[PDB]
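Below you will find one chain, with nothing else, as structure tokens; this is the form deposited in one PDB entry, and questions on how it binds or moves follow later.
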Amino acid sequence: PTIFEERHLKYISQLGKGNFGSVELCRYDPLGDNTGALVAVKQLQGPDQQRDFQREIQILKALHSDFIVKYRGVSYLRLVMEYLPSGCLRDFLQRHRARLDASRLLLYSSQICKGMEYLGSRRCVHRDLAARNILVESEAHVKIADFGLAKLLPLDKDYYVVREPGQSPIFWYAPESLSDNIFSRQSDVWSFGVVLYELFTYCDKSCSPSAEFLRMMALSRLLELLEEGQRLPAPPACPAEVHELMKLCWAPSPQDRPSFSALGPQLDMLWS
């Protein structure tokens, strides 16, 4: 059931691209009559990239949570995942902003936090948490996706050091990642603070992390700004308690940031 034959996967459209791979919308149509289910299929477009892609598959296959995109199987070559037609949270917030209130944003925040607490329990560092990588299952249910940069922490170390600087938009990186390429569950907490910012701006492009940080200010300039203690401003009409939580996520030192387990009840308290 977790083995999909290539001949049965029908190409429909492109969902995403980047980091030497692409995600396509396919129909898994073994009957060949266009009645099959839609699936999201990721493929690689080098020998290192092959190892990285195999690692992504092994990570996602071992994750079982209502708040993590579901692994469906492999085609022998491609990673088959469930397709969420509402798409990513970034675009969903822009389209439905007039219908989503603070309570709903707090509901999404709590669900992303629960997914992250679970990832951390699996020793998994996501490294690319952003609203573009969160999928909408329904009006009241989000899931974390895109494990393309995810790493598993060894049992005796709580962080990971990368040799070359990252290739992701720099506005979600923690200072220690910008300065020393150090990643941990605590740098995912920093990124989560930026996701809270994205949620409470409804992913408005005019005050997005890139637009606002660039206005405030390149990698050396952002590191300088952050080290001075400058941060993204509270989003328009943001509840004060939410902005206070973002600032805690953005503590200069990773050991001073709250854990996802500590953030969870704090978000649930604000929701109710």
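Counting begins at 1, following the sequence as shown. So that the term is clear: the rigid core is the largest set of C-alpha atoms that superpose within 1.5 Å between two forms.
Only in words, not in the display: the form deposited in another entry, which the text now covers.
Considering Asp204, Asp66, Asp29, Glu227, one residue stands apart with a C-alpha shift of at least 2 Å between the shown form and the other one following superposition on the core, and it is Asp29. With the core held fixed between the shown form and the other one, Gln255 has its Cα displaced by under 2 Å. The two forms, fitted on the rigid core, differ between the shown form and the other one by 2 Å or more at the CA of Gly16.
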